[PDB]
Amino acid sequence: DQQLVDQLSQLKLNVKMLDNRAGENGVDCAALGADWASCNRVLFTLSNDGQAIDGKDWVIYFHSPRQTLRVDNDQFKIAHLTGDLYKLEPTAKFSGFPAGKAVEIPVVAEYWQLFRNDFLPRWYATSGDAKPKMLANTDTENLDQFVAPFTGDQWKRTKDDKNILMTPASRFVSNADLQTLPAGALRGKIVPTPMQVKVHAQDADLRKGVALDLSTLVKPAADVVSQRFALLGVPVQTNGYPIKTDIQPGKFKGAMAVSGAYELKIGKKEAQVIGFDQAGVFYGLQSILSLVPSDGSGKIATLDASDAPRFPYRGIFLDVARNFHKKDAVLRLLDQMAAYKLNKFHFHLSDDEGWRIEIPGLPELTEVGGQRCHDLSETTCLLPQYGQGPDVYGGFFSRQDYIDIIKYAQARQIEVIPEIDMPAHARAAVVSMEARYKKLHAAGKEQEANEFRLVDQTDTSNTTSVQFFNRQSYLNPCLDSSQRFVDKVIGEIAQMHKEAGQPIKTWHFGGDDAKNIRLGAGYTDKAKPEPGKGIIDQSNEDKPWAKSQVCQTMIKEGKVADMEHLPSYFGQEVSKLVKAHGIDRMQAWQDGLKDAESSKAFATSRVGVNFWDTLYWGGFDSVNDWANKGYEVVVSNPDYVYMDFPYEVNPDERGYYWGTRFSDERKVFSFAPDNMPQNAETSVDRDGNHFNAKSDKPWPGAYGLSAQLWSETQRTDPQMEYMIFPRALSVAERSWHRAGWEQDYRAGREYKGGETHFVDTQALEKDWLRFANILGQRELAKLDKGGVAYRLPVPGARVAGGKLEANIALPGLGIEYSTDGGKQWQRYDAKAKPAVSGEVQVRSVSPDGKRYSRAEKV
């Protein structure tokens, strides 16, 4: 009853890692079904400072990105509902949570949990009809309230892991090749780096303001330029320093003859920007603005520059489905996209755990799919996921919100590409359409109920998704109604785009992970188990839709070859719907189209692919085929440009880490997207080891680059902003500019990590040093002004001769230190280092002085 739920809610949880390599130590992970026989032991402690809790009628729900495989306290048992949701219950031996006691519930989980962020907040209790309530100490974003600190080598994935744990002492080393450059060395350095520039000795003085000739721009775009001059402190006045603009495509030749190219002249008393188009004009103005200094001095260098994108497509992907992010945070994201010349906003509007766009005619998508709450019938919500609590969680963009966002992107030369992921990652839609079927069906409106249904009523398929949902994650690709559903959604979102003044140019089909993970190579069958693999029963495991009779007659009449091809078939069918709606480009996660013959198989004359294999796994050689078969390769490698991954190897950092252990500003910047093999000389793999890479195939070139912010653990908007900024500026640099150290692709060249020296690493490091200093001494101050909660790097620090030496990944940032356990903080000065003894803590501070990095002991 409620009293029992109230008691449970007052238990205090403690989660503590016990062994991240249990399989290296005596646990038979394989016998427990663990993938590749890897499992970890963790201790859940429930402390009860109240009277005894002896009732038995209860369930405690909790979330985890890892499956629980065993429970080592025979008073309790754990089972899975679906996705990340698990329930903890009392067994027949349960004898209560004793008054004033701590109950220990050790468990084994699949894989490893190397970051404290793996442990999700908001555990909650239930009991017969009572209302659910969270375990209070878990209702927080501060992991310290319920997750113990990692100790020793708990961060290691395996005994041979060569990653380097970042602490002030090792971080100091990681940062020691850097230094702070004098203002005099950072004159006339536009970001992103322009193709050709010549800086002269004088400076244009803007502090009295500028007279902007913006007749080349449509009003909304001009206002964006005017309002940015003001944000950076430069008045706009008719008697100010002249900045002229003109559009003359012909002035441009060859590779410069493309959207966004411009010529820019900065003189002593006037400015000139000649663009290839409005985008070029806008971008030229952005370059002038990138020069505006953070000191308010309003002085910029005179210079002569010529510039154009190395790629058409310079994108940022944002997941709002896993955890919603508000309109104001999308807008702050676009404002920064425009300032650094990104032009593509890939909007992941749906996935298993949420549907975020209102669709006229399909209200259930948002009424049910837009919120998650504790309802086991999933008639009014999706089941809770991601540690947001049992009560309603969600939101969605209304038609007007969405239209506003597109208008807002258009003003900033940013194209919005909507993604409605299918045929997997579609649980929100499938469950919403099931609620719709039922409602309509209950009124006897059987044709209306079936109109947009995404399930085949005979489908008993047993399939497990990558995030542990079941068949409800997969929209059936063989139903006419599924096609009716996709056609209606495309038609509705297409109209919103038209109303917003930016008709859709690319429809993103999604298409990732449409497979049963239990059929994977790291799992084996109970009957004849092979070694080192998770032992499961594969007798009743099936590919997706195997048991859909509709998908059977589909394959019989010969429309499709086999169950295996359903996903590409569906990608081709959607391309027809996309084309039927007047859109001539489709894009997808490359694995959904991997069974098509080539791009010739699609109805749109252009098919792009977000290439997301990792390099160390053959991605530097498998990407070639994608281009060679006619697809436009948007490079999206998870080992470099997945912004949901950690900035550094430290158990207190936020981020998933399946494709690599970290990707900081420097690593992103050092990625060479158009000569993938070369990354073997400039980066290490997921376990910190050197790797080799070589391809012998033709490589015509990439079409673009895209950095992704998946949102599983980015539960809030500030957390989203921390993960995107400031490493997105690196993305922007690399998406716009081809550096000199980025070598031409050479078939047959074999780059061997720690062995070959083909890459001009000296040039790479000098380039990075300058970029890092531009961020520290000028751009981060602009981020402060845009209000985005970017991550401030923790300082590196060492004590020599009894004096603090500190450094930072983005030279120019202020560094503070404390000699009192963080009670009083003081400004560290390089040329007058302080004397310390005992425990010293260090932290960095934003340029406007309001925010601090986390604090760490030296």
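Residues carry their position along the shown sequence, with the first being 1.
Chemist: Out of 718-726 and 100-108, which one has CA B-factors that are higher on average in the deposited record?
Modeler: Here the higher of the two C-alpha B-factor means belongs to 100-108.
Chemist: Would you tell me which stretch averages the higher CA B-factor in the PDB entry, 191-199 or 361-369?
Modeler: It is 191-199.
Chemist: Report the option among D177, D487, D401, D591 whose CA atom has the maximum B-factor in the deposited record.
Modeler: Out of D177, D487, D401, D591, the record gives the largest C-alpha B-factor to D177.
Chemist: Just to confirm, going by the entry's C-alpha B-factors, which of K505, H346, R654, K244 comes out highest?
Modeler: Comparing C-alpha B-factors across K505, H346, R654, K244, the maximum falls on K244.
Chemist: Would the CA B-factor of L13 place it in the lowest, middle or highest third of its chain?
Modeler: According to the entry, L13 has a C-alpha B-factor in the chain's lowest third.
Chemist: Test of reading the entry: by CA B factor among the chain's modelled residues, which third contains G796?
Modeler: For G796, whose C-alpha B-factor we compare with every modelled residue in the chain, the answer is the middle third.
Chemist: In terms of the chain's CA B-factor thirds, is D49 lowest, middle or highest?
Modeler: For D49, whose C-alpha B-factor we compare with every modelled residue in the chain, the answer is the middle third.
Chemist: Just say lowest, middle or highest third for the CA B-factor of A832 relative to the other modelled residues in its chain.
Modeler: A832: CA B-factor falls in the highest third of its chain.
Chemist: Mind checking which third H441 falls in for C-alpha B-factor across the chain?
Modeler: As the PDB entry reports it, the C-alpha B-factor of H441 lands in the middle third of its chain.
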